[PDB]
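Only one chain is included here, represented as structure tokens and corresponding to the form deposited in one PDB entry.
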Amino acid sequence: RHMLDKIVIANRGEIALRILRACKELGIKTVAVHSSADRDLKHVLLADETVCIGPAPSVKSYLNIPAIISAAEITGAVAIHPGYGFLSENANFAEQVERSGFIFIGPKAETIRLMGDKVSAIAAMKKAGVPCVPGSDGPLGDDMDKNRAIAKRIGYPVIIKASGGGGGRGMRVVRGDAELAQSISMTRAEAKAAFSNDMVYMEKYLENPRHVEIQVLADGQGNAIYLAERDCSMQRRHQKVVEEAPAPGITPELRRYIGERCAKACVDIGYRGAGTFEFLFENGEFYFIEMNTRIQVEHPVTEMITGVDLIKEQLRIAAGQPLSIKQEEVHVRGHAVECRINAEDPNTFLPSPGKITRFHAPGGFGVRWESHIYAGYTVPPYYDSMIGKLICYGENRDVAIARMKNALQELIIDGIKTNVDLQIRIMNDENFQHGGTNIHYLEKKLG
């Protein structure tokens, strides 16, 4: 079968190393594009070719569209993998890659635009039969009588959300008519300033939901499959801390119900590659909020429970190959837990950059370590706080948690502040040990 000869890894850190490994397993030549502050990245040191695309600030490196495309052209690369974050959900970038004759390892640019606009995305999901949060089902105008009527029909509390927003950014809870006009007005102003798009919509506000998300894969040959779910509720201020697969309390019947709807939605929108349907789960019911049109950070928990290498599937799809597995070949087996490891201060939660003086990774049966860090490595201040991901699998949830506790005790990261101690606390939490804690749990636990 035909495979991509050479690709540009348009990312950094752990995800860039994750992509480099998948490339090497498939015999794909790698081009590591990097900022001047990232010359010592583990994947840069393992890459077949390297191109320094600019200085440390992301604007002149990882978000630098001409420099990334120019690197693909000079090295003779055929495709670009955007990873997560940066330009991965940037439709202009995907269009420019397509326009320049290189393969964008993701969905069509118009699919990114469709799902990136939250109002259009909900309408497409509702039409496809995916359950959505009751809401305005269209943008809000300036007629406050019409806005009060939508709030009445939905039932308070409600949430005002930016169509150009996403991932908890660009939203405001409204509990009564008195706060409605000002809340809409503030959300609009914030959205205009942040996204240069003042469009807002209204949604029913769910008080105690769980964040449950469905993993999908769709090829260019008409196949679209669901790879169970992940529970990503263990979060703080919209930042995921712990993710797990499958989600506790989800039955095979409920898994089948939601998964089939997501797979059908892929067919209807002509989805291609890896994707994630994010839902709020409350009182046995799923409610769509948004679709992630790229690989997710927490993808490894899905890989452990299904045996499917999601990055290798992305590369295969992009090369024009069919999905390597059929739906009937996707089986949920055992349980996996992921602890994100951050170079962060436990009091401020702010990134804690610096030089790692001593480093030791955990090992053992069911223990997977996803990280670019090594002894002597300097965590730069220019980017996000995540330095690694510790993933533990077991035949059941109890075994996965037991292995995580042991793995966190072997993990040594000196010279910088980390959330390792917090991760140990979460694993020891009696409510986490029972499972099914909602999205507000971690914040309530911390204070």
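Note that residue numbering follows the sequence shown and begins at 1. So that the term is clear: the rigid core is the largest set of C-alpha atoms that superpose within 1.5 Å between two forms.
What comes next is about the form deposited with a partner chain bound, which does not appear here.
Undergrad: Even though the partner chain is not shown here, does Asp268 get within 4.5 Å of it in the bound PDB entry, heavy atoms only?
TA: No, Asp268 sits far enough from the partner chain in the bound PDB entry that none of its heavy atoms falls within 4.5 Å.
Undergrad: Check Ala149 for me: does it contact the partner chain in the bound PDB entry (non-hydrogen atoms, 4.5 angstroms)?
TA: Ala149: no, not in contact with the partner chain in the bound PDB entry.
Undergrad: Contact between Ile53 and the partner chain in the bound PDB entry at 4.5 Å, heavy atoms?
TA: Because a heavy atom of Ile53 falls inside 4.5 Å of the partner chain in the bound PDB entry, the answer is yes.
Undergrad: Are any of the heavy atoms in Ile69 no more than 4.5 Å from a heavy atom of the partner chain in the bound PDB entry?
TA: Yes - in the bound PDB entry, heavy atoms of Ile69 and the partner chain come within 4.5 Å of each other.
Undergrad: Quick one: from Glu73, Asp142, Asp177, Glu98, grab the residue that has a heavy atom within 4.5 Å of the partner chain in the bound PDB entry.
TA: So the residue touching the partner chain in the bound PDB entry, by this definition, is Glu73.
Undergrad: Relative to the superposed core, which single residue of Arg256, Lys152, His360, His331 shows a CA shift of 2 Å or more between the shown form and the other one?
TA: So the residue whose C-alpha moves 2 Å or more is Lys152.
Undergrad: Relative to the form shown here, do the C-alpha atoms of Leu140 and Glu110 sit closer together or farther apart in the bound PDB entry, given a change of 3 Å or more?
TA: Farther apart, which means the C-alphas of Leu140 and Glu110 are at least 3 Å more distant in the bound PDB entry.
Undergrad: Relative to the form shown here, do the C-alpha atoms of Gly138 and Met291 sit closer together or farther apart in the bound PDB entry, given a change of 3 Å or more?
TA: It is farther: the C-alpha separation of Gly138 and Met291 rises by at least 3 Å in the bound PDB entry.
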